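Shown here is one chain on its own, the form deposited in one PDB entry, set out as structure tokens.
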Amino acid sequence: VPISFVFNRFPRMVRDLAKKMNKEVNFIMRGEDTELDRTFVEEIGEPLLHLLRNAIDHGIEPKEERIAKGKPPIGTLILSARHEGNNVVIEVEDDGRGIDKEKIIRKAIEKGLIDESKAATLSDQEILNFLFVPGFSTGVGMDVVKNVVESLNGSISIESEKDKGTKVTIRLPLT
């Protein structure tokens, strides 16, 4: 199917979540005509909704806070799909507050998953990969998202920078 069968539900959900969280959001969808196997289309909606909720709740800052930090007042959330080879790549990008990598490390230390000595040389991808540890952040856990994607033989990655925003990328096979 076109992925629009899933993506067409999102403007309403984003607008309802934005209203609930009293938060202003500029929501853009691109690549909605990207086609993929019906199995994927039936299963990818749930993980994507979790990602979009997380971006609206934890990422995008209130307008007053963005203005105070010198950002464009209204936060932007971009959901896109495209073909890459025989795979389909779906991205959810926000220009919010980003993920605090220092906080991740502190939490990882507190949970006994690493010591201070080793945290000093971790890469960015290594740090962000703690988010996929079951119960790490415990509120949509990145573990739960990843478990669905993996059930579709897909892969997920996260990139993020404090004050800049977050991009989550999902790659799915043709199957």
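Sequential numbering from 1, following the sequence displayed. Only the largest set of C-alpha atoms that superpose within 1.5 Å between the two forms is called the rigid core. Only residues modelled in both forms are compared.
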Problem - Missing coords for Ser117 in a third or more of other PDB entries - result: no
Problem - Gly70 not built in a third or more of the other entries - result: no
Practice task
Select one of none, 1 to 3, 4 to 9, or 10 or more to describe the deposited residues without coordinates separating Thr138 and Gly139.
Solution key: 10 or more
Fill in the blank from the handout: Stretch with higher mean Cα temperature factor, 18 to 26 vs 161 to 169, is 18 to 26
Practice task
Could you settle it for me: does 68 to 76 or 98 to 106 have the higher average Cα B factor in the PDB entry?
Solution key: 68 to 76
Fill in the blank from the handout: Comparing C-alpha B-factors across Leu49, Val144, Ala119, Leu128 in this entry, the winner is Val144
Practice task
Consider only the C-alpha atoms of the modelled residues in this chain, order them by B-factor as the entry records it, and name the third containing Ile56: lowest, middle or highest.
Solution key: lowest
Completion exercise
Here the Cα B-factor of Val149, set against its chain, lands in the third termed lowest
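What comes next is about the form deposited in another entry, which is not displayed.
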Fill in the blank from the handout: Core-superposed between the shown form and the other one, the one of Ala119, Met29, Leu128, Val148 with a C-alpha shift of 2 Å or more is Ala119
Exercise for the section: Fit the two forms on the core and write out the ranges of at least 3 consecutive residues whose every CA moves by 2 Å or more between the shown form and the other one. Expected result: 115 to 123, 139 to 141
